[PDB]
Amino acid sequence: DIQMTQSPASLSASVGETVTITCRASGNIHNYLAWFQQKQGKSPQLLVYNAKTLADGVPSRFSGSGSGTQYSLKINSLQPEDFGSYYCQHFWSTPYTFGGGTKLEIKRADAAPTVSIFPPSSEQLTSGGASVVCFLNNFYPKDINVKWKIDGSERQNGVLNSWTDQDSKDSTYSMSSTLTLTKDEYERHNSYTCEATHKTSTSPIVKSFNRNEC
C-alpha cells in the first residue's frame, strides 16, 4: 500500500500572497495524483487531476506540480475564496489513499463584531425552557470572549458557543452564543446582557428586559 503524507497542516496568508502545499507518496505513483478542495458543510471539488492537469472551472492560479514521490500545489495570487482544506489522492495502485489535508486560513485586516441579542421564544417558554441567543456576525480574528450577565451577575455554565468558517468574500468569522435556562429560572430576573471582547477598546453589548419592555 502507498500511504501519503501532506504538509503543512495549517497555513495562513494574506490575500494576494502565494502558497504551496506539498504531498508525498511512499512510492512512485507515476503522476497519478489529484488535488481536492473542501469547504465546511460541502462536498470536495477537484482542482488538479493528474500531476498538472486542471479540471473544468478551476482558476488558473492553481499550478499542479510534481514527479515520482513528491508533488505540490501552488496557488499564486491567493483570493479570499480559497479558504478551506486541501487533500491529495493517488491512483497508481489500490488502495487509492487520501492525505491528511491542509487547512488554509486567510489573513485579513482586523474587524470588530456586531452583536445582536434575541430573547426566548414563545414556544420554548411554553415548553418550560428559555434560551437567550446572541449572534456576533462579522469579525477577525476568530479569537473572542463572551460573558453572559443576568442582572449584572455573571453566568458561565450553560452557554454554548458555535463558530463558523471564514466568509467566502469577507474572510470574516461569525459566532453564536446561546444561554439556556428553565422558565422559572429566567422569569425570576429581568435584565439580561450579552457582552463580547475582541479588539478590547470596549465591550459591545446588547440587553433585554424580560417582558418589562419585551
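All residue numbers refer to positions in the sequence shown, first residue = 1.
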Take the C-alpha B-factors listed in the entry for 124-132 and for 137-145, compute each mean, and give the stretch with the larger one. 137-145
Which wins on mean Cα temperature factor, 16-24 or 190-198? 190-198
Kindly indicate the residue among 88, 106, 109, 75 with the greatest C-alpha B-factor in the PDB record. 109
When the CA B-factors of 63, 69, 50, 156 are compared as recorded in the entry, which is the largest? 156
What third of the chain does residue 175 rank in for C-alpha temperature factor, lowest, middle or highest? middle
Would you please rank residue 2 by its C-alpha temperature factor against the other modelled residues of its chain and give the third it falls in: lowest, middle or highest? lowest
Select lowest, middle or highest to describe the third in which the CA B-factor of residue 44 falls within its chain in this entry. lowest
Residue 152 - Cα temperature factor, lowest/middle/highest third of chain: highest
